[PDB]
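Note sheet for the following structure.
Cβ atoms come from the backbone with ideal geometry, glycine included; neighbour counts cover every protein chain shown. Throughout, read-outs are computed from the coordinates displayed, never taken from laboratory work.
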Amino acid sequence: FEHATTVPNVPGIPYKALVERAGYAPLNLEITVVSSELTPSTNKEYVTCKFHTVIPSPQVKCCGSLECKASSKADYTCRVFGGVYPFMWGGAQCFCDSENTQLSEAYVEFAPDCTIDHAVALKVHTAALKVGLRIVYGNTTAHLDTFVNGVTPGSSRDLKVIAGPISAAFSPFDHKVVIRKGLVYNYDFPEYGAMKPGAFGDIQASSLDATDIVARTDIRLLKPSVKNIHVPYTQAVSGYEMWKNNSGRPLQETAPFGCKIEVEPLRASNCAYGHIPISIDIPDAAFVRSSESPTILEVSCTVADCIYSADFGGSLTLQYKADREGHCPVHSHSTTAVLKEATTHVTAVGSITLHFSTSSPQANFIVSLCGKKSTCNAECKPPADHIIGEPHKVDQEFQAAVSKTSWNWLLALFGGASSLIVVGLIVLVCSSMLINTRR
Amino acid sequence: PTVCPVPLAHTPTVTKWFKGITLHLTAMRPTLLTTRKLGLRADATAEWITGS
């Protein structure tokens, strides 16, 4: 049936729980996040790359005038120059020694190789998380993908799972991102049409084959100072090149919570952040009544050496007596200690050794076998290894992060102070009311 | 688009002090070392390293 549990959003770290129905044998279930994806909503503003300045073949009118026209070409510049007398290899090109105007043009296009080297400017909106889960209850394992919002019934063959809402809202993307050749950057780019020379986004189009390009590259057309035909001009640097020199570090190296950043579509994968509430409806063919599961009569817990480590640095043995054989489950009923196994075979008499992970200096958790509880008591030493290649399997709680010896010392001192104050107050009241009694 | 062979560096030796590591790096030519933290703050770093 229903089981409401909260699962930490950490990929690869199993979460074990025991569903205890009031009439059936306890059932093990393990919920693990295998993969997570945090994809936002994106909208393309424009594309940008290095521009190509095109200087056409100049126009020359020999004994007349010319005028500048209007064009739709990106950053279209035009200028008329009179008193011109241009030359080529063959010689002079006009028959008037003066009054021989020349027309200069300049505009920009996309370079031939921009089909590979280009950036896409995108705006991002609310990011939605999807996770892949592996759920094993009893003898059956189930794999499914669910949306962590709290409403969508996560895909579930012979099951039903609802995840969400996530306990925190996190996104590695600012409102504006750029993507270049698979690398993602948080960059505040100019709006479409708001181009500035020498900065990123100085040439803008919807597509690379788009026929309408807007640009602002600060083209200046100068009067020709030589006798051969020439269109002198000066211009600003490419803002795309300047940005490629000043891009900084990508988002694949700066994203928090260990997110892996991927494109097509833009997403963050395998982030570790927050907690995920999950509601699962277990099918009733996965429950067996207590009349079929073994019923052990006693169980004791002995703890071997333990350390509070990120790995299974502890061990314990359960000594039991069952009336028959079977396949009972096991479970630790503390938030700071987790077992490695989930089920075991039990016989008439025997022992089972179990391995656990704790964060507490003291191991005072409760362990169940066939649903029967025993108390484990020991103290765990600090680990020797400083660094490992695993994540910690449990969280660190202030109560189970102070040793029992330290708690005893602190309680002894605080209680001694409280008892001194109480003795003082009782002496004050008693030896004052003695005045009332005596007269 | 194609594929090109790129060099693999000498694997470093790690020393593991308390709440920290040190990396012993060997590099004839500049190679890039980046780090980041896996919590709320990344504290990201990046440096091209030549020499040992």
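Return the calculated 222 nm mean residue ellipticity for the protein assembly as shown, to the nearest 500 deg cm²/dmol, obtained by summing -39500 (n - 2.57) across DSSP H runs with n ≥ 4 and dividing by the residue count.
-3000 deg cm²/dmol
Counting only Cα atoms, I'd like the Rg/Rh figure for segment A:337-439, Kirkwood definition for Rh.
Values: Rg = 24.2 Å, Rh = 18.6 Å.
Over the Cα atoms of segment A:337-439, Rg/Rh equals 1.30.
Can you list the residues, at least 5 places off or on another chain, whose amide H is less than 5 Å from the amide H of A:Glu379, using H built in the peptide plane?
Amide H neighbours of A:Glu379, under 5 Å, 5+ apart: A:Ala363.
Tabulate in residue order the Karplus-calculated ³J(HN,Hα) for segment A:220-237, using 6.51 cos²θ - 1.76 cosθ + 1.60 with θ = phi - 60°, rounded to whole Hz; enter x for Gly and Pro.
10, 9, 9, 6, x, 9, 10, 8, 6, 5, 7, 10, x, 8, 9, 8, 7, 5
Taking θ = phi - 60°, what integer Hz values does the Karplus form 6.51 cos²θ - 1.76 cosθ + 1.60 yield along segment A:74-79, in sequence order, with x for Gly and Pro?
5, 6, 7, 10, 8, 8
Would you work out which of A:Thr344, A:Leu411, A:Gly326 lies farthest towards the positive end of the dipole of segment A:325-435, given +1 charges on the beta-carbon of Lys and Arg and -1 on that of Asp and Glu, about the Cα centre?
Farthest towards the positive end: A:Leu411.
Once each part is reduced to its C-alpha centroid, what is the distance from segment B:5-43 to segment A:1-50 in angstrom?
So the two Cα centres are separated by 31 Å.
Between the helical axis of A:404-438 and the dominant principal axis of chain A, each derived from Cα atoms, what acute angle in degrees is found, rounded to the nearest 10?
Relative to chain A, helix A:404-438 is tipped by roughly 60 degrees.
What Rg and what Dmax come out for the protein assembly as shown when only alpha-carbon atoms are used, in angstroms?
36.9, 140
Could you work out the relative contact order of segment A:142-193, using alpha carbon pairs under 8 angstrom and six or more residues apart, expressed as a whole percent?
Numbers: 61 pairs, mean separation 11.3, N = 52.
Normalised by residue count, the contact order of segment A:142-193 is 22 percent.
Pull out a ≥ b ≥ c, the square roots of the eigenvalues of the alpha-carbon gyration tensor of segment A:271-402, then state rounded if a/c is under 1.5, prolate if not and a/b is larger than b/c, and oblate in the remaining case.
Details: a/c = 2.38, a/b = 1.38, b/c = 1.72.
Taking the square roots of the gyration eigenvalues as a ≥ b ≥ c, segment A:271-402 is oblate.
What FRET efficiency comes out for the pair A:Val34/B:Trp17, r = Cβ-Cβ distance, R0 = 41 Å, nearest 0.05? Working shown, then result.
Details: r = 34 Å, r/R0 = 0.83.
That pair, A:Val34 with B:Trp17, gives E of 0.75.
Quick check on my link table: of A:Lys373/A:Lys404; A:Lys340/A:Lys404; A:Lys16/A:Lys130; A:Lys160/B:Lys37; A:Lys340/A:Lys381; A:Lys44/A:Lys69, which ones sit more than 27 Å apart, alpha carbon to alpha carbon? Please report the intermediate quantities before stating the final value.
Details: A:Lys373/A:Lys404 22 Å; A:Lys340/A:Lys404 25 Å; A:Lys16/A:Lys130 21 Å; A:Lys160/B:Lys37 36 Å; A:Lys340/A:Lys381 20 Å; A:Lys44/A:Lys69 33 Å.
With Cα atoms farther than 27 Å apart: A:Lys160/B:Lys37; A:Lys44/A:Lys69.
How high is the relative contact order of segment A:1-112, given as a whole-number percent (alpha carbon pairs under 8 Å, six or more residues apart)? Intermediate values should be presented prior to the final figure.
Values: 167 pairs, mean separation 28.6, N = 112.
26 percent.
With both partners inside chain A, how many of the DSSP beta bridges are antiparallel, as a percent to the nearest 5?
Details: 104 of 107 bridges.
Once the DSSP bridges in chain A are tallied, antiparallel ones form about 95 percent.
Within a 10 angstrom radius of each residue's Cβ in B:38-47, how many Cβ atoms of other chains show up on average? Whole number is fine.
Working: counts 8, 5, 5, 2, 8, 2, 5, 3, 5, 0.
Counting Cβ atoms of other protein chains within 10 Å of each residue's Cβ and averaging gives 4.
Defining a contact as two alpha carbons under 8 Å apart and six or more residues distant in sequence, what relative contact order in percent does chain A show?
Numbers: 1002 pairs, mean separation 68.9, N = 439.
Worked out over chain A, it gives 16 percent.
Taking amide hydrogens as modeled 1.01 Å from N in the peptide plane, which residues meet the under 5 Å criterion relative to A:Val288, leaving out close sequence neighbours?
A:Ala25
Give, rounded to the nearest 20 debye, the magnitude of the charge dipole that segment A:27-166 has about its Cα centre when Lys and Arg contribute +1 at Cβ and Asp and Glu contribute -1 at Cβ. Write out the running numbers ahead of the final one.
Details: 11 positive and 13 negative charges, 96 e Å.
Dipole about the Cα centre, nearest 20: 460 debye.
Quick one: which residues, 5+ away or cross-chain, put their amide H under 5 Å from the amide H of A:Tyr15? H built at 1.01 Å from N.
The list, which skips near neighbours in sequence, is A:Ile31, A:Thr32.
Using only the Cα atoms of segment B:4-49, what are the Rg and Dmax in Å?
Considering segment B:4-49 through its Cα atoms, Rg and Dmax are 13.0, 40 Å.
For A:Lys50, go through the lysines and keep the ones whose alpha-carbon is under 22 Å away, minus same-chain ones fewer than eight residues off.
The reachable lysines, counting only those whose Cα sits under 22 Å from A:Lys50, are A:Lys73, A:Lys123, A:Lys176, A:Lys181, A:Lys196, A:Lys244.
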